[PDB]
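So the sequences go chain by chain: C, 0, c, F and H.
Everything in the first sequence is counted per the authors' numbering, starting at 21 for the first residue and increasing by one.
Everything in the second sequence is counted per the authors' numbering, starting at 56 for the first residue and increasing by one.
Everything in the third sequence is counted per the authors' numbering, starting at 13 for the first residue and increasing by one.
Everything in the fourth sequence is counted per the authors' numbering, starting at 17 for the first residue and increasing by one.
Everything in the fifth sequence is counted per the authors' numbering, starting at 2 for the first residue and increasing by one.
Following: one structure in structure tokens, then a few remarks.
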Amino acid sequence: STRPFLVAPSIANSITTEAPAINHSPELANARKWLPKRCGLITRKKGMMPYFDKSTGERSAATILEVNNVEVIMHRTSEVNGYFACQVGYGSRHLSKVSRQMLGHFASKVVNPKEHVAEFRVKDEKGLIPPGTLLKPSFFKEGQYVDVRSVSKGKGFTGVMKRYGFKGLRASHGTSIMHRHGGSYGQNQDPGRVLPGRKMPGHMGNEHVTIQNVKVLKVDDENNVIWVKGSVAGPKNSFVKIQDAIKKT
Amino acid sequence: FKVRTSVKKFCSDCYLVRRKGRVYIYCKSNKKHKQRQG
Amino acid sequence: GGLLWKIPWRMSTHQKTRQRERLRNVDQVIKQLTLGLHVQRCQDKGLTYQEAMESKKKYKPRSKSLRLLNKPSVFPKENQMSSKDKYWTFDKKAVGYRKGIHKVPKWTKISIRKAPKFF
Amino acid sequence: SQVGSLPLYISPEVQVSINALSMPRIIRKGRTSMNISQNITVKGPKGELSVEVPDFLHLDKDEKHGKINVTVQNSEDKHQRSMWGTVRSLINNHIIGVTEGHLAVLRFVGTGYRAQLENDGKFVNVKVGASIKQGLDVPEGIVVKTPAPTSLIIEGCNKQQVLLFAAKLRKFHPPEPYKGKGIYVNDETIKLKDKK
Amino acid sequence: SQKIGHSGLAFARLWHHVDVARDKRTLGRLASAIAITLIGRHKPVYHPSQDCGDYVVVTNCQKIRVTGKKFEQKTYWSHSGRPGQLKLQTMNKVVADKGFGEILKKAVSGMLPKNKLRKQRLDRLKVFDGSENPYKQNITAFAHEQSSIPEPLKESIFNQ
RNA sequence: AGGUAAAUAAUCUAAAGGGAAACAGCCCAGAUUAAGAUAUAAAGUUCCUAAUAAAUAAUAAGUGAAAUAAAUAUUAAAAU
RNA sequence: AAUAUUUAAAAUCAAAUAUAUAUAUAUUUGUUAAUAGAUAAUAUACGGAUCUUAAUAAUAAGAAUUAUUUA
RNA sequence: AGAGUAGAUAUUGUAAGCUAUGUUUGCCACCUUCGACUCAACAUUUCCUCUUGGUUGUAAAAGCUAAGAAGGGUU
RNA sequence: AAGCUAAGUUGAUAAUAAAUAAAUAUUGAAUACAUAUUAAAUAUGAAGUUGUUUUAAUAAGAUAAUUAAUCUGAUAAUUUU
Ligand SMILES: [Mg+2]
Ligand SMILES: [Mg+2]
Ligand SMILES: [Mg+2]
Ligand SMILES: [Mg+2]
Ligand SMILES: [Mg+2]
Ligand SMILES: [Mg+2]
Ligand SMILES: [Mg+2]
Ligand SMILES: [Mg+2]
Ligand SMILES: [Mg+2]
Ligand SMILES: [Mg+2]
Ligand SMILES: [Mg+2]
Ligand SMILES: [Mg+2]
Ligand SMILES: [Mg+2]
Ligand SMILES: [Mg+2]
Ligand SMILES: [Mg+2]
Ligand SMILES: [Mg+2]
Ligand SMILES: [Mg+2]
Ligand SMILES: [Mg+2]
Ligand SMILES: [Mg+2]
Ligand SMILES: [Mg+2]
Ligand SMILES: [Mg+2]
Ligand SMILES: [Zn+2]
Numbered sequence: 021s022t023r024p025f026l027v028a029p030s031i032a033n034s035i036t037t038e039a040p041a042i043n044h045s046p047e048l049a050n051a052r053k054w055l056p057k058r059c060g061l062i063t064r065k066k067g068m069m070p071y072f073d074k075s076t077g078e079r080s081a082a083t084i085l086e087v088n089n090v091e092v093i094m095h096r097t098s099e100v101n102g103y104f105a106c107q108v109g110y111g112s113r114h115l116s117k118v119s120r121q122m123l124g125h126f127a128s129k130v131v132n133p134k135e136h137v138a139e140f141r142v143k144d145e146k147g148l149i150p151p152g153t154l155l156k157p158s159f160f161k162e163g164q165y166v167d168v169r170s171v172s173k174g175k176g177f178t179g180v181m182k183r184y185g186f187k188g189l190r191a192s193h194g195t196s197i198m199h200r201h202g203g204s205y206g207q208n209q210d211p212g213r214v215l216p217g218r219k220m221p222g223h224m225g226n227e228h229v230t231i232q233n234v235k236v237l238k239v240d241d242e243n244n245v246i247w248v249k250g251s252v253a254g255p256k257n258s259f260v261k262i263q264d265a266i267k268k269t
Numbered sequence: 056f057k058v059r060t061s062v063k064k065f066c067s068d069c070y071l072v073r074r075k076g077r078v079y080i081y082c083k084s085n086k087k088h089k090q091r092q093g
Numbered sequence: 013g014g015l016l017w018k019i020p021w022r023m024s025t026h027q028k029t030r031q032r033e034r035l036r037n038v039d040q041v042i043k044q045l046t047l048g049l050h051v052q053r054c055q056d057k058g059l060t061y062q063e064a065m066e067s068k069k070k071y072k073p074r075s076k077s078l079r080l081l082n083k084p085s086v087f088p089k090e091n092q093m094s095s096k097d098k099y100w101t102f103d104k105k106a107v108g109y110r111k112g113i114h115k116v117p118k119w120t121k122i123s124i125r126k127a128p129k130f131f
Numbered sequence: 017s018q019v020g021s022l023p024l025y026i027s028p029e030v031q032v033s034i035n036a037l038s039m040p041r042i043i044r045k046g047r048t049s050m051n052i053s054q055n056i057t058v059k060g061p062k063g064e065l066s067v068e069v070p071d072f073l074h075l076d077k078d079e080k081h082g083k084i085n086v087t088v089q090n091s092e093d094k095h096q097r098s099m100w101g102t103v104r105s106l107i108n109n110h111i112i113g114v115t116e117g118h119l120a121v122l123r124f125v126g127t128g129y130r131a132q133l134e135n136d137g138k139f140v141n142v143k144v145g146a147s148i149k150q151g152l153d154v155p156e157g158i159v160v161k162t163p164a165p166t167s168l169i170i171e172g173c174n175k176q177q178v179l180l181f182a183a184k185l186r187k188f189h190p191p192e193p194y195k196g197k198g199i200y201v202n203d204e205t206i207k208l209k210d211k212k
Numbered sequence: 002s003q004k005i006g007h008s009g010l011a012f013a014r015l016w017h018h019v020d021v022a023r024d025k026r027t028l029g030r031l032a033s034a035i036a037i038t039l040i041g042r043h044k045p046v047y048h049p050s051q052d053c054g055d056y057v058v059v060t061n062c063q064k065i066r067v068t069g070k071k072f073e074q075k076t077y078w079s080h081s082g083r084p085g086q087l088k089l090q091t092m093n094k095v096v097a098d099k100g101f102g103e104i105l106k107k108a109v110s111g112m113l114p115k116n117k118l119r120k121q122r123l124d125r126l127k128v129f130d131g132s133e134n135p136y137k138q139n140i141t142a143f144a145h146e147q148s149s150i151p152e153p154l155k156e157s158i159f160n161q
């Protein structure tokens, strides 16, 4: 009845011993990490306008981050995925735009075809929100601090003056044909090569930018927007993550 | 501490110790007599 | 000293064994030379080869260089020699007044058994 | 050797046992080694406490006169001989602790230099010239008590642990030479400098 | 004449277990022993032009022997190319990061011949800090060895 | 001084081969053409890399492991 | 145990070889170690890996360092 | 040696001794551009910042001297 | 006016934690004393180290769909985030 198999004595008679835990494991990394105790929500940077404090009279530039159909699609767990995170989805998209596979995924998770999806990593299993629920601006409290991730404005192929604040050469006094140049780019033969990471002209902007400890000036569920003190990376209609500030409480 | 190659005990109250692969001379009476071998 | 003559200051075990073997070979050669002379002298007197080989009283060599080589005070055998004189020459300009024999040029051919009494 | 040869006296209330460990560990030096197998215990009135010890060492319990001896398999082995004098001394200290108890008096010296039991004995608050509050938690086994504010007493079964704790307490402010001023553990002295 | 026949078994990649808890060799000597196996020098059919070396599964690698004070002294180096980026890690640190198996692998890599097959040979080495491993089922075994092993242990292994 | 000036010997010069990591001059040894069984030289024999097993001591410093760094200091060890 | 030198086979003793030979004479050989001192600029740099062993327990490892040797 | 109110070794340290460095001025002869601007990379023999030993010459405060330390900074 | 900009605006100098350096201790022999250990045990300790934080790269893993009247991409057009 049983299948034919041979087993080595060396592997059978080996005394059982558990492996020690390693730093470059997922679970150790998770333990190390500095993470927020609560989920976040995806937003769109609609624009920017003044916020007048009515008690003091102080004016503050505030960016208006709109919150539309923001929904916990699913979430990830340490036993399956190696970490705790809430996959949030923002907005509504047409059928036409969304891939068949993506549409099927959304149907399975029981949400509308979504405009932008993103994870929000958390410390514990307690931080996970039940899936399918709708996240509104009232999630955040007025006066609380939040970290803000988004892709910055694209600046194109930039020079070393704009990239790195290089002083450049003089305007007059003989200076020929190199007024905005980086000057020397190395050393005569000891290196015999431009060493890695030498600040040179290149593409700038259109990279991710976390902005830490920004104050939530105002929250209102009526207009579907979170007011946030100061600037946020990227153009108008750019997607903006928002989670509680790890540094500030 | 007088960090030096030569490390002799000065007074009777000085005592030599061998720690961390270095000869230390501590002293119970005079604190100036503290020495270390390199 | 920009050119690198990477010669170690001391010999390996295998080098030392080879040196010892070489020393032993020169002693053997000397022994053979004396033995053959003795045999020849026995033959001249009127013995057979076998009889000469058997002989109790072996004849010592009359020529000077051979006689000197036979003497251990002048030319010692490998078994007689000190550990130091097998592997270290006398070099007056070196510190310790000593230098590895392997540093001598053509040390594999050139013989040097006897060092000075206190150097 | 001269220490380890000295026999240990025991009173009927105290029992010095010995037995093998559950999982013996081996200390590996450069050339020599040292396998910790046995585990001596000193049970008594005030408490009980143990010493993990090498295989080469073993006791010799005598019924007559309450003596016990300690010996190693090779006294001419240097490491073993060194261990022998240590272990005997350790078990003597344990005996002393379980029967009598080890003590460590700290006297505070200075204007407004004093100790206080803050967490019902579980945290010795120490005020010794600092804006920030200073102190540390008492370990298990250690019992602290304060007859005066400026004179604290630490008490325990382990001579090692109590005196370590005392040293830690002192470390906040050791005695200064100019004014005999700080925290003095037991009979501690300091040569006071001339004022000038 | 000697070469003519069925050569498939000669060039067969066997799988060699080594329970490091049982093995009494030090790290470097063990690594050297492994290297030969990985190359295929042990087998007489070997030729330098052909990779014909076996798999080596190392297990219970946490109990590997290292002499002296090498565990807290011996430094493993690394360098990207950009100056001021020399990464020097002590053996214990490396172990903490990855394991004792990583350490063994490095030794084995250094032992191996420096050419296009080296990487392949290194890959064939399968090291494990503890006991449990997927290749348990594929170590070379014989029917005559089966009496030594108890009945239910074999079944448990098969299940695993 | 990898300096300079000559004395003696060798090699290079004009010398390929093995060793010395790599190497004009050091250690072996001189390519007429092959063959590859046997003796080998200097140098080697854990792996990279052709080839190894022992004995008695010492070191614990990775000292050292083919390019030996000094006076002096400390700690031992023998002998008187 | 303490004090103070020396680190030696010249003397001395022991061992071995050669001449008359159970002895004498002559010759040859045998007398410390570790650490610190220690040190610059592209990058660790014994050529590299790596090398100092461990009972339970292996048909099995235990310098791959230094010194004197053997097969 | 000698200064240091006294005490060579807190701090100082003649002349002579033993080394390291390859930062100066030379020597050799294998080998036939100073400064400014710009951007700097590396070292540590550390000037500042952090930790610490000594300081009859650390009462305090400023110091002096020494050990660790090249993360950040150094008109 | 938009845009772009700094003279402008907003934020950050990335914790907690772990093991350490010099240095400071505990018990304690070897060595009747002494000795923080170049012994066994037990503790403190730095703008440094490990990390943490941030960016870029990579893609283990995960959800879903699976020869298609509208599967997934590309070529094409109108464009700019
Ligand atoms: Mg300008
Ligand atoms: Mg112009
Ligand atoms: Mg010349
Ligand atoms: Mg010519
Ligand atoms: Mg040639
Ligand atoms: Mg010629
Ligand atoms: Mg010829
Ligand atoms: Mg070394
Ligand atoms: Mg070297
Ligand atoms: Mg003599
Ligand atoms: Mg270097
Ligand atoms: Mg080599
Ligand atoms: Mg004077
Ligand atoms: Mg002078
Ligand atoms: Mg002060
Ligand atoms: Mg320094
Ligand atoms: Mg850091
Ligand atoms: Mg600002
Ligand atoms: Mg004592
Ligand atoms: Mg003490
Ligand atoms: Mg810190
Ligand atoms: Zn003193």
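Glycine included, C-beta positions come from ideal geometry on N, C-alpha and C.
Mind checking which residues open and close the beta strand (DSSP E) that includes residue 81 (chain c)?
Here residue 81 (chain c) belongs to no beta strand (DSSP E); instead the alpha helix (DSSP H) covers 76-82.
Work out the CA separation of residue 249 (chain C) and residue 115 (chain C) for me, nearest whole Å.
36 Å
Which parts of the stretch 165-218 of chain C are runs of the alpha helix (DSSP H), unbroken and 4 residues or longer, counting only runs that do not cross its ends?
180-184
Drop a sphere of 10 angstroms on the beta-carbon of residue 92 (chain H), count the other beta-carbons inside from all chains shown, and report buried for 16 or more, exposed for fewer.
buried
Give a yes or no on whether the minimum CB-CB distance between residue 83 (chain H) and chain C is below 8 Å.
yes
Among the candidates 155 (chain C), 185 (chain C), 227 (chain C) and 166 (chain C), whose CA atom is the shortest distance from the CA of residue 176 (chain C)?
227 (chain C)
Report the residue from 124 (chain H), 85 (chain H), 88 (chain H) and 101 (chain H) whose alpha carbon sits nearest the alpha carbon of residue 130 (chain H).
101 (chain H)
Should residue 66 (chain 0) be labelled buried (16 or more other beta-carbon atoms within 10 Å of its own) or exposed?
exposed
Short of 7 Å Cβ to Cβ, which residues in the stretch 20-37 of chain H face chain C?
20 and 22
Span of the beta strand (DSSP E) holding residue 110 (chain c)?
110-112
Entirely within the stretch 64-90 of chain H and at least 3 residues each: give me those beta strand (DSSP E) ranges in chain order.
76-80
What residues from chain H crowd round residue 217 (chain C), counting only those whose CB sits closer than 7 Å?
83
Contiguous beta strand (DSSP E) assignments of at least 3 residues, all confined to the stretch 21-83 of chain F
31-33, 36-44, 49-59, 64-70 and 73-77
Does the distance from the C-beta atom of residue 199 (chain F) to that of residue 188 (chain F) stay below 8 Å?
yes
Does residue 67 (chain C) come out as helix, strand or coil in the three-state DSSP assignment?
strand
Range of the contiguous alpha helix (DSSP H) that encloses residue 103 (chain c):
Residue 103 (chain c) -> no alpha helix (DSSP H), and no H or E assigned at all.
I believe residue 32 (chain C) touches residue 154 (chain H) by the beta-carbon criterion, under 8 Å. Please report the beta-carbon distance rounded to the nearest angstrom.
5 Å
For residue 55 (chain C), is the classification buried or exposed, using 16 other Cβ atoms within 10 angstroms of its Cβ as the cut-off for buried?
buried
DSSP bridge partner residues for residue 94 (chain C) (one or two, in chain order)
107 (chain C)
Would you say residue 42 (chain C) reaches chain H, if we count a Cβ-Cβ gap shorter than 8 Å as a contact?
yes
N- and C-terminal bounds of the alpha helix (DSSP H) containing residue 138 (chain C):
It is not in any alpha helix (DSSP H) - residue 138 (chain C) instead sits in the beta strand (DSSP E) that spans 136-142.
Along the alpha helix (DSSP H) that carries residue 162 (chain H), what are the first and last residues, could you check?
With chain H represented from 2 up to 161, any question about residue 162 (chain H) goes unanswered, as that position is not in the structure.
How would you list, in chain order, the residues of chain H whose beta-carbon sits under 7 Å from the beta-carbon of residue 38 (chain C)?
131
Would you kindly check if the distance between the Cβ of residue 178 (chain F) and the Cβ of residue 158 (chain F) is under 8 Å?
yes
Give the DSSP-derived three-state secondary structure of residue 159 (chain C) in the structure shown.
helix
Using the three-state DSSP reduction, which class does residue 94 (chain H) fall into: helix, strand or coil?
helix
List, in chain order, every chain C residue whose beta-carbon is nearer than 8 Å to that of residue 100 (chain H).
39, 40 and 42
Any contact between the stretch 83-98 of chain F and the stretch 130-138 of chain F? By contact I mean 3 or more CB pairs, one from each, below 8 Å.
no
How long is the line joining the alpha carbons of residue 164 (chain C) and residue 246 (chain C), rounded to whole angstroms?
12 Å
For residue 152 (chain F), which of 24 (chain F), 206 (chain F), 98 (chain F) and 184 (chain F) has the nearest alpha-carbon?
184 (chain F)
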